[PDB]
Amino acid sequence: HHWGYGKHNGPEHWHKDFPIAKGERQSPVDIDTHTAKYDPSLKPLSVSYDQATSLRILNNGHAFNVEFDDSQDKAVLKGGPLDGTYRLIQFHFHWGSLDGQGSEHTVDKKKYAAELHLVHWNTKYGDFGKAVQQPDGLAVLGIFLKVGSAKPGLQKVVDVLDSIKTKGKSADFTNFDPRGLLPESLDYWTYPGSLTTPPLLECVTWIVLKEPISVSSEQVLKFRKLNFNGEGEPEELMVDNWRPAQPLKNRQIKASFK
Ligand SMILES: NS(=O)(=O)c1ccc2oc(=S)[nH]c2c1
Ligand SMILES: NS(=O)(=O)c1ccc2oc(=S)[nH]c2c1
Ligand SMILES: [Zn+2]
């Protein structure tokens, strides 16, 4: 894999190695709030993160992932548009070089400074690798980040970034509670989509929260000090690791609220 976010290997180039990039249910997308329809049949989302077991944080060259123990139902997402139980496996963010860009999904074309993706897989498929091969294999909870007041629950992440500056570095990250990354409201929009990075598999039920969380300028500034490169290689700041909105095609975005 040589894909990335540069001019020579960015989103415009991905289709040559991952043809599904021009598929029928690609993500992210722009959420047109006026066109999204309230669906009375949608259920309240059920986010059960009390028993979450975080293990490690890794810089994988495109973002940093906080990984969880998913060998048991410890942190799960259920309800909403989902049927079944989805286990949290990892979370990561996409962000910009400037506060005015960074999110993958947009709301009425508005771009947020960053976007958090809490990734969950459908337990009926047994493991994550099998789940990504299914249309309903994953449920990703997307949360927008706007720059304003600091998010207390995010500080432990910000403070460990110095230890995983470059690609391939990891650090112990146990006892991190992801509940501190959520906004107050769980109102959301939902639609069928895909992974936003290669392999771009069309296996995701996207659940995007309406309420952004606020993070401080200093917190996001630290995200921008990370590197896409490995140690001992020319420094390339890890910024603008977001894919732009893709064609909605034959899909409807549904709202859980009126
Ligand atoms: N993965 S990809 O985005 O299609 C892509 C784009 C440009 C590339 O140049 C080399 S060399 N490998 C590459 C892979
Ligand atoms: N950016 S994202 O769509 O949330 C996402 C989530 C899980 C993933 O697993 C692989 S592999 N690529 C992924 C992209
Ligand atoms: Zn993501």
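What you see below is based on every heavy atom in this structure, not just the backbone, and it leaves out hydrogens, waters and symmetry mates. Ligands are counted one by one from 1 in listed order, and the atoms in each one are counted from 1 as well. Residue numbers count from 1 along this sequence.
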Exercise: do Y125 and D136 side chains pair donor with acceptor under 3.5 Å: yes
Atom 14 (C) of ligand 1 - nearest protein heavy atom and its distance: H2 CB, 3.7 Å
Residue pair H105 / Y191, side-chain donor-acceptor N/O under 3.5 Å: yes
Under 4.0 Å to a heavy atom of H8 - the qualifying atoms of ligand 1, by number: 6 (C), 7 (C)
Numbered atoms and elements of ligand 2 in range of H94, under 4.0 angstrom, heavy atoms: 1 (N)
Within-cut-off N or O pair, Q90 and ligand 2, under 3.5 Å: no
Exercise: do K111 and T106 side chains pair donor with acceptor under 3.5 Å: no
N/O/S atom name from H94 that is nearest to the position of the Zn ion (ligand 3): NE2
Closer than 4.0 Å: a protein non-hydrogen atom to atom 9 (O) of ligand 1: no
Option passing side-chain contact (heavy atoms from CB on, under 4.5 Å) with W189 (candidates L209, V107, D32, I207): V107
Close approach, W206 and ligand 2, non-hydrogen under 4.0 angstrom: yes
Residue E211 excluded, over 12 heavy atoms near CD under 6.0 Å: yes
Per-atom contacts, ligand 1 versus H13 - under 4.0 Å to a heavy atom: 2 (S), 3 (O), 4 (O), 6 (C)
Heavy atom of the protein closest to atom 6 (C) of ligand 2 (residue, atom name, distance): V119 CG2, 3.6 Å
For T197, atoms of ligand 2 separated by under 4.0 Å from a heavy atom: 12 (N), 13 (C), 14 (C)
Closest protein heavy atom (residue, atom, distance) for atom 13 (C) of ligand 2: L195 CD2, 3.7 Å
Protein heavy atom at shortest distance from atom 5 (C) of ligand 1: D17 OD2, 3.9 Å
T166 and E231: side chain donor to acceptor below 3.5 Å: no
Under-4.0 Å heavy-atom contact with ligand 2, by part of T196 that carries it: both
Shortest-distance N, O or S atom of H117 relative to the Zn ion (ligand 3): ND1
Mutual orientation of the aromatic rings belonging to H62 and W3 [parallel < 30°, tilted 30-60°, perpendicular > 60°]: tilted
Mode of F93 contact toward ligand 2 - side chain, backbone, both, neither (heavy atoms, under 4.0 Å): neither
Closest approach of any protein heavy atom to atom 1 (N) of ligand 1, naming residue and atom: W3 CB, 3.3 Å
Minimum-distance protein heavy atom relative to atom 4 (O) of ligand 2: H117 ND1, 3.2 Å
Top protein contact for atom 3 (O) of ligand 1, by heavy-atom distance: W14 CD1, 3.3 Å
Sole residue of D70, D73, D127 in salt bridge (charged side-chain N to carboxylate O under 4.0 Å, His left out) with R87: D73
Ion pair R56/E67, N-O distance below 4.0 Å: yes
Between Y5 and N241: side-chain donor-acceptor atoms closer than 3.5 Å: no
Side chains of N227 and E235, donor plus acceptor under 3.5 Å: yes
